[PDB]
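Everything on this sheet refers to the single structure shown next.
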Amino acid sequence: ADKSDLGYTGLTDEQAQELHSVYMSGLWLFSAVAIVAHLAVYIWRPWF
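Each residue of the sequence shown is one higher than the last, beginning at 2 in UniProt numbering.
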(Lines of atoms letter the chains of each structure in order from A; the text may use other names.)
(Lines give C-alpha, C1' and ligand atoms only; values in the text may rest on other atoms or scores of the structure.)
Protein backbone atom coordinates (compact mmCIF):
# COMPACT_ATOMS: atom_id res chain seq x y z
CA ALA A 2 0.00 0.00 0.00
CA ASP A 3 1.58 3.32 -1.05
CA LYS A 4 1.01 6.47 -3.14
CA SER A 5 2.85 6.47 -6.43
CA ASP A 6 -0.56 7.89 -7.43
CA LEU A 7 -0.79 4.49 -9.16
CA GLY A 8 0.37 6.49 -12.07
CA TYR A 9 2.39 9.15 -10.32
CA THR A 10 4.53 6.10 -9.62
CA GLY A 11 6.03 6.44 -13.14
CA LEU A 12 5.99 10.21 -13.86
CA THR A 13 7.53 10.34 -10.39
CA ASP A 14 10.76 8.86 -11.58
CA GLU A 15 10.77 11.86 -13.86
CA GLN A 16 9.67 14.49 -11.29
CA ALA A 17 11.55 12.66 -8.62
CA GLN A 18 14.39 13.38 -11.07
CA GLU A 19 13.37 17.02 -11.53
CA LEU A 20 15.16 17.19 -8.18
CA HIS A 21 17.44 14.15 -8.49
CA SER A 22 18.75 13.79 -12.07
CA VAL A 23 19.19 17.48 -12.43
CA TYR A 24 20.97 17.35 -9.05
CA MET A 25 23.56 14.74 -10.04
CA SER A 26 23.72 16.57 -13.40
CA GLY A 27 24.86 20.10 -12.51
CA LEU A 28 26.72 18.36 -9.70
CA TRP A 29 29.26 16.67 -11.99
CA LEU A 30 29.15 19.78 -14.17
CA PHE A 31 30.62 22.43 -11.86
CA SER A 32 32.75 19.62 -10.41
CA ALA A 33 34.38 18.90 -13.79
CA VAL A 34 34.44 22.30 -15.49
CA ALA A 35 35.91 23.69 -12.28
CA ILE A 36 38.65 21.11 -12.47
CA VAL A 37 39.19 22.65 -15.86
CA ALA A 38 39.32 26.15 -14.44
CA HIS A 39 42.22 24.69 -12.43
CA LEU A 40 43.86 22.99 -15.43
CA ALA A 41 42.47 24.85 -18.46
CA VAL A 42 43.89 27.92 -16.68
CA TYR A 43 47.34 26.45 -16.00
CA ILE A 44 47.03 24.54 -19.30
CA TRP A 45 46.86 27.52 -21.69
CA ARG A 46 50.28 28.64 -20.41
CA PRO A 47 52.46 25.94 -22.00
CA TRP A 48 52.32 25.46 -25.79
CA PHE A 49 55.78 24.89 -27.31
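Idealized CB from N, CA, C, for every residue including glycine.
Practice task
Check whether the Cβ atoms of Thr13 and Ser5 sit closer than 8 Å, and answer yes or no.
Solution key: Residue mapping note: residue 13 aligns to position 12 of the sequence shown, counting from 1. Residue mapping note: residue 5 aligns to position 4 of the sequence shown, counting from 1. In this structure, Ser5 lies closer than 8 Å to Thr13 by Cβ.
Exercise for the section: Go ahead and pull the three-state DSSP assignment for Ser22. Expected result: Against the sequence shown, residue 22 aligns to sequence position 21. In this structure, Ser22 counts as helix in the three-state DSSP scheme.
Exercise for the section: Mind checking which residues open and close the alpha helix (DSSP H) that includes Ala35? Expected result: For the purposes of this step, residue 35 is taken as residue 34 along the sequence shown, with counting starting at 1. Residues 34-44.
Problem - Rounded C-alpha distance that separates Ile36 from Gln16 - result: Walking along the sequence shown from the start, residue 36 turns up at place 35. Walking along the sequence shown from the start, residue 16 turns up at place 15. C-alpha separation (whole angstroms): 30 Å.
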